[PDB]
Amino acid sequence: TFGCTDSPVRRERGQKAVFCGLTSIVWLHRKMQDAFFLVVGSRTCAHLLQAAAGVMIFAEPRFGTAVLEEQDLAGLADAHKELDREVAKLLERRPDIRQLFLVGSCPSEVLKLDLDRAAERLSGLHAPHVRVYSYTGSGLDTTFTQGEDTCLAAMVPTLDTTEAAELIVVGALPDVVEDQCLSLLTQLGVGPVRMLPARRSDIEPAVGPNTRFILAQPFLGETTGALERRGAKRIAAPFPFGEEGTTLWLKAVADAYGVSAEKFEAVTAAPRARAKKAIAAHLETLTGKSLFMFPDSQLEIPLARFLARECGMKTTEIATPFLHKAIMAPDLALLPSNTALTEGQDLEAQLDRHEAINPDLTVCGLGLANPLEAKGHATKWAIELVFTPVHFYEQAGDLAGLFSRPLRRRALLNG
């Protein structure tokens, strides 16, 4: 009743309700203190970012969009001149920025506006105070959190090279979590460990033939790809969600780094108990409840794996926007067998599957949640789960929390 590696994944196309990779900027910008993400797109792009950044828009965030005007369509040699001088104007108006990212959009790509030369030229013109990169976040290439991947991967080829064998943890994480992570890895005895992405651009991790790295986040295919192409070798691990997740995650690094079960149990003991207990508070409301997850973040598998295993939920249909087979392997091993997997989506087909399914809890985007709530299905909107701290031991309760609450509230609202 616990194994899914040979399950056939419904590879599905059709009408979609997902966010493009641009959305990802909204949360990346925070971690990379030194960087500005400059989308080259349309007013649709600008308005999207606005909607997705809610209140943050008023906090002088460090991103923005060079909105393609009518006279940028024809004459695509102006495109470079236009941008060049729109960029300098921005790089004067905020001199603290050190990495500039030219994020590409669907519009920018239909015009086959080549951001890559632009990235390279601007780097020269503005050297060596600001280094400018470029990657895609166009809905065409990218769904939601894939935007972090395409970003990180674009940065990887230019990292300083190195000899030493140090751990790189890939995936931007809430700060607090990042530290808990640092802390435990130290106490296991794992000498120098870095984050990709770093908090600042002068402390970017180096990579080399002896570098090992591990994924904090499931949506990092291309970044894995680029890191491997620099001779650094991955460490496989189920994603750190729940006590079981976090533990195995640690265990995997422990193993690769030659650490005695001794130092492991004595480090990991205290915090694993904390977690198991905090989680237990939610078992009541959560055990036996059936879970349906639409695609948004690529987080739905390992979250469903934590929800079923440590919370005792029953997985109905788990759906992801993309499914990296090799990376997702450990969590798929632990996912209940009875589970229909879907890569991509045909919204209407999916909504029709779920109607006649009638699950207890339903994890989804904001443009679905209410329509579905009005129908009597309980919902847990998904976006929350990227930005809220949810990984590792301390957040385990809060994580389970996030799924108990909607059901708690439903009962409460009729006795």
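So that the term is clear: the rigid core is the largest set of C-alpha atoms that superpose within 1.5 Å between two forms. Residue numbers here begin at 1 and follow the sequence given.
Asks: Core-aligned, which moves more in 5 other deposited structures of this protein: 217-225 or 70-78, by CA RMS?
Replies: Clearly, after the core fit, the stretch farther away in 5 other deposited structures of this protein is 70-78.
Asks: Is the larger C-alpha RMS shift in 5 other deposited structures of this protein, relative to this form with the rigid core superposed, found in 90-98 or in 321-329?
Replies: Of 90-98 and 321-329, the stretch deviating more in 5 other deposited structures of this protein is 90-98.
Asks: Hey, which bit's got the bigger mean C-alpha B factor in the entry, 344-352 or 39-47?
Replies: The deposited B-factors put 344-352 ahead on the C-alpha mean.
Asks: Report the stretch with the higher mean CA temperature factor, choosing between 73-81 and 217-225 on the basis of the entry.
Replies: The stretch with the larger mean CA B-factor is 73-81.
Asks: Of the three thirds of its chain by CA temperature factor, lowest, middle or highest, which one includes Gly104?
Replies: Tercile = lowest for this residue's CA B-factor.
Asks: Thinking about Cα B factors across the chain, which third does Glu243 belong to?
Replies: Middle third by C-alpha B-factor.
Asks: Relative to the other modelled residues of the same chain, rank the CA B-factor of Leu366 and answer lowest, middle or highest third.
Replies: According to the entry, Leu366 has a C-alpha B-factor in the chain's middle third.
Asks: Quick check for you: using the entry's CA B-factors within this chain, is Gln15 in the lowest, middle or highest third?
Replies: Highest third of the chain for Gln15's C-alpha B-factor.
Asks: Ranking the modelled residues of this chain by C-alpha B-factor as given in the entry, is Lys276 in the lowest, middle or highest third?
Replies: Highest third, going by the recorded CA B-factors of the chain.
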